[PDB]
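**Student:** The structure under discussion is supplied below as structure tokens; questions concerning it will follow.
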Protein chains: 2
Amino acid sequence: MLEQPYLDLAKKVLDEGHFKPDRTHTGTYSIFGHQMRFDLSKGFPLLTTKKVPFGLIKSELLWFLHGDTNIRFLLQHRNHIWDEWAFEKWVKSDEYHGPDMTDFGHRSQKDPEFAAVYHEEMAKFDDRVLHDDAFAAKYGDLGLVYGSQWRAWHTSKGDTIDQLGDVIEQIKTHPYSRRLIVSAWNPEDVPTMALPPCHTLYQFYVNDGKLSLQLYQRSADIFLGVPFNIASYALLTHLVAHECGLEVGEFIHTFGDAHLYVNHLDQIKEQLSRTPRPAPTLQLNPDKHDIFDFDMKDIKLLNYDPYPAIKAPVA
Amino acid sequence: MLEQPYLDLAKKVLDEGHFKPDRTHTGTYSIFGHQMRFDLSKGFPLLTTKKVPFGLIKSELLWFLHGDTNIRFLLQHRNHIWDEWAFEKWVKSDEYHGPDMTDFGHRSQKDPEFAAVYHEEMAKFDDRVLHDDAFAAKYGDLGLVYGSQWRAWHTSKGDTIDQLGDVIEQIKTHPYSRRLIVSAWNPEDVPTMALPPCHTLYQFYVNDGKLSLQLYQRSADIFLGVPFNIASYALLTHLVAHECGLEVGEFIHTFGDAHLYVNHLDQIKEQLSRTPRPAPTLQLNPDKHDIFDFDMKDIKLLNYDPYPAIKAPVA
Ligand SMILES: O=c1[nH]c(=O)n([C@@H]2C[C@H](O)[C@@H](COP(=O)(O)O)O2)cc1F
Ligand SMILES: O=c1[nH]c(=O)n([C@@H]2C[C@H](O)[C@@H](COP(=O)(O)O)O2)cc1F
């Protein structure tokens with residue numbers, strides 16, 4: 001049916017699997033280069049042979065059009081998609097006196113109560129982020145992240161240029177530019193970074209009164225990740241047509257390396273025996289128009305009917 | 001046969017043709033998003049149902065690994081691929097007294113002796129570029145071009161970082177990074193530019209002892225252009241395996257907008273009635289190893305057997 005693109009690309013990775021020792025080696029099957037397109041006029045690509053929580057996706061984009069850098073705005077939206085990159089600077093200097101959490105992702109997975117003592121200082125931290133307007137300001141500004149690279153390309157002669165606002169005055173002044181590309185890749189401070197831009201850039205497009213958006217994703221976690229991304233940018237495509245007043249068209253997801261972590265192989269097999277349902281229709285608050293200035297109540301998903309949620313070994 | 005990817009992508013543009021009034025409107029058929037892959041181990045992708053001059057292609061890459069900005073090095077290689085962007089600053093201040101060449105591409109095409117009076121002051125200029133070591137230094141440094149964005153990403157705290165040298169110490173220290181991406185897109189001075197990066201970026205890859213390279217091309221001129229690009233980066237892929245000491249693998253060309261200028265429609269039809277020949281094998285000077293420090297005599301193309309050269313209405 002409609003989500004069929006996504007679902008094929010676990011088939012080819014099985015049947016083309018290059019087995020890479022990468023990670024801490026740990027195990028992966030990859031491929032290199034893949035495009036896979038989606039008709040956004042058909043229905044909205046939320047995955048129906050798995051249950052993908054639409055809340056945490058928009059809670060994260062609305063982090064992104066708000067130009068926002070701060071763990072505090074996602075937390076107070078129950079969003080726990082980003083914690084550990086700013087809990088990486090809790091295990092970092094002073095105030096941090098006497099738990100460890102030294103490169104903790106690892107020993108929590110290979111834990112019993114370690115994951116839990118990490119789960120309790122981490123929690124201490126999260127609720128600081130919530131309540132004191134200065135510690136929060138400190139550990140919480142992640143600085144180079146999308147909200148910033150979207151809404152403030154930082155220049156030499158230290159200005160901030162917002163790629164997103166300019167490219168959509170360009171879709172409003174000039175429909176046909178082959179130059180509506182926003183790029184999250186800054187080579188200067190790419191090697192001073194922790195996680196370089198996964199979504200490297202996105203080109204947009206106006207064909208027949210209607211708009212598309214194309215994505216070069218430099219690395220992708222096929223199971224434990226991609227279902228989410230399909231929606232994050234297929235919802236984006238939907239909200240900037242809402243500001244330019246055009247129609248919706250195609251989300252092209254194009255890939256560089258796409259892999260399937262080998263710890264997950266049983267689990268991707270199963271939902272590939274699932275049979276698709278129809279896919280929901282996303283509809284945005286009509287009367288309001290700046291996507292940049294949207295809250296939560298401004299996107300409702302309707303008739304979404306997932307299969308049960310398949311559990312992580314994380315990624 | 002091998003070049004068959006390229007040759008299909010004029011078929012789909014005919015049969016999918018979105019007719020865009022863009023240019024000075026002038027006329028185009030586009031599409032939006034396209035990938036098309038190439039097996040570099042099969043043979044080298046020089047087009048055999050048209051004659052594509054291999055000289056001006058490598059004369060231009062060797063402009064590019066030399067980190068070079070200067071019209072003078074290409075001229076003294078008979079390369080006339082870049083002239084008018086620096087002849088755009090001949091029609092610009094002083095010394096320029098008394099021809100016109102005001103936005104001359106146009107009136108030369110709609111000329112008789114205009115193209116020729118432009119062809120004679122332009123020529124005056126080209127041979128200045130050749131002989132006086134200061135005027136040359138002036139009109140000839142184009143500044144933001146590949147040699148510069150490849151070999152000197154210019155930072156805030158005004159350093160120059162060479163993306164190419166670092167990414168190939170990364171292919172030599174670390175085969176499996178999903179972060180070997182060089183990006184020619186600088187959003188700061190993209191809107192202060194004349195022609196923004198057409199080749200936006202390229203990701204590389206090491207699977208099985210062997211290397212691939214992927215290209216996001218943001219706009220492409222299907223007939224009067226693309227045959228050339230297929231070779232420029234499929235030769236690149238070949239020379240950085242020569243420095244990392246690996247094998248050759250795949251050149252993925254992926255596209256954002258690909259068009260076919262409508263003035264050319266008769267002409268693409270014809271070579272689509274041509275039947276492919278085999279494709280040459282490119283072999284590089286073995287004993288020498290820095291591609292950055294290659295001259296001309298360091299790549300020989302052998303057994304290349306084109307069909308005749310189809311003539312331009314330019315692009
Ligand atoms: O949804 C996600 N998709 C994804 O591709 N990553 C990645 C990909 C890779 O497995 C790792 C980052 O590593 P690298 O940056 O080296 O690709 O996290 C993370 C997510 F949360
Ligand atoms: O080989 C070439 N391929 C190509 O795509 N361009 C382009 C594409 C487009 O037709 C124009 C640049 O316009 P824009 O930058 O708006 O895409 O020149 C130029 C070449 F010489």
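The way I read the labels, and the way they are meant: chains A, B, ... in the order of the structure tokens, residue 1 as the first residue of every chain, and ligand 1 as the first ligand shown, with later ones counted on from there.
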Can you tell me which residues sit at most 8 Å away from ligand 2, counting only C-alpha atoms and all ligand atoms, written as a PyMOL selection string?
**Tutor:** (chain A and resi 177-179) or (chain B and resi 195-198+217-222+224-229+258-259+261+315)
**Student:** Those selected residues, please, written with C-alpha atoms and delivered as a short mmCIF file (atom, residue, chain, number, x, y, z; two decimals), in the first residue's frame.
**Tutor:**
data_model
loop_
_atom_site.label_atom_id
_atom_site.label_comp_id
_atom_site.auth_asym_id
_atom_site.auth_seq_id
_atom_site.Cartn_x
_atom_site.Cartn_y
_atom_site.Cartn_z
CA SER A 177 14.21 28.57 -7.64
CA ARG A 178 16.46 25.44 -7.81
CA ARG A 179 18.27 27.03 -4.94
CA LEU B 195 25.82 30.93 -9.14
CA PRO B 196 25.36 29.07 -5.85
CA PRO B 197 27.11 25.56 -5.64
CA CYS B 198 25.39 23.33 -8.32
CA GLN B 217 23.18 17.95 -7.45
CA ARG B 218 20.74 20.63 -6.80
CA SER B 219 19.90 21.59 -10.43
CA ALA B 220 21.01 19.79 -13.74
CA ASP B 221 20.92 20.55 -17.33
CA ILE B 222 20.17 17.13 -18.74
CA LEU B 224 23.95 20.34 -22.48
CA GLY B 225 25.67 19.52 -19.11
CA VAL B 226 25.09 16.23 -17.29
CA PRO B 227 27.36 13.97 -19.64
CA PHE B 228 30.17 16.10 -18.40
CA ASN B 229 29.27 15.77 -14.63
CA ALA B 258 16.76 17.80 -13.32
CA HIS B 259 15.56 19.57 -16.43
CA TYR B 261 15.84 23.00 -21.68
CA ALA B 315 21.72 25.39 -22.65
#
**Student:** Excluding same-chain residues fewer than 6 positions from segment 110-119 of chain B, what lies within 9 Å of it counting only C-alpha atoms, as number ranges by chain?
**Tutor:** B: 99-101, 104
**Student:** Could the residues in this selection be saved with N, CA and C atoms as a PDB file, in the first residue's frame?
**Tutor:**
ATOM      1  N   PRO B  99      33.553  49.047 -25.017  1.00  0.00           N
ATOM      2  CA  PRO B  99      32.543  48.091 -25.476  1.00  0.00           C
ATOM      3  C   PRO B  99      31.399  47.972 -24.469  1.00  0.00           C
ATOM      4  N   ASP B 100      30.348  47.194 -24.769  1.00  0.00           N
ATOM      5  CA  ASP B 100      29.243  46.958 -23.803  1.00  0.00           C
ATOM      6  C   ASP B 100      29.292  45.605 -23.024  1.00  0.00           C
ATOM      7  N   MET B 101      28.830  44.536 -23.646  1.00  0.00           N
ATOM      8  CA  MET B 101      28.724  43.212 -23.059  1.00  0.00           C
ATOM      9  C   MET B 101      27.834  43.199 -21.874  1.00  0.00           C
ATOM     10  N   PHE B 104      25.346  40.009 -21.969  1.00  0.00           N
ATOM     11  CA  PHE B 104      25.902  39.524 -23.242  1.00  0.00           C
ATOM     12  C   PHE B 104      25.649  38.122 -23.726  1.00  0.00           C
TER      13      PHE B 104
END
**Student:** If you measure from atom CA of residue 133 of chain B to atom CA of residue 149 of chain B, what distance in Å do you get, rounded to one decimal?
**Tutor:**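 That distance, rounded to one decimal, is 23.8 Å.
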**Student:** Compile a residue-level contact table for chain B against chain A at a cut-off of 7 Å, reporting for every qualifying residue the shortest atom pair and its distance in Å to one decimal, with only C-alpha atoms counted, rows ordered by chain and ascending number, as a tab-separated table.
**Tutor:**
residue	atom	partner	partner_atom	distance
B:22	CA	A:176	CA	6.5
B:33	CA	A:252	CA	6.8
B:35	CA	A:35	CA	6.6
B:155	CA	A:188	CA	6.2
B:156	CA	A:156	CA	3.9
B:176	CA	A:22	CA	6.5
B:178	CA	A:219	CA	5.8
B:188	CA	A:155	CA	6.2
B:203	CA	A:256	CA	6.9
B:214	CA	A:256	CA	6.9
B:218	CA	A:178	CA	6.5
B:219	CA	A:178	CA	5.8
B:252	CA	A:33	CA	6.8
B:256	CA	A:203	CA	6.9
B:257	CA	A:178	CA	6.6
**Student:** Suppose you want the space between atom CA of residue 105 of chain B and atom CA of residue 313 of chain B; what is it in Å?
**Tutor:**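 Rounded to one decimal, the two atoms are 12.0 Å apart.
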**Student:** Calculate how many Å separate atom CA of residue 148 of chain A from atom CA of residue 69 of chain A, rounding to one decimal.
**Tutor:**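 Going from atom CA of residue 148 of chain A over to atom CA of residue 69 of chain A, I get 6.3 Å.
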**Student:** Run DSSP on the backbone of this structure and report the residues of segment 138-273 of chain A it assigns to alpha helix (DSSP H), as a PyMOL selection string.
**Tutor:** chain A and resi 138-139+146-151+163-173+226-244+265-271
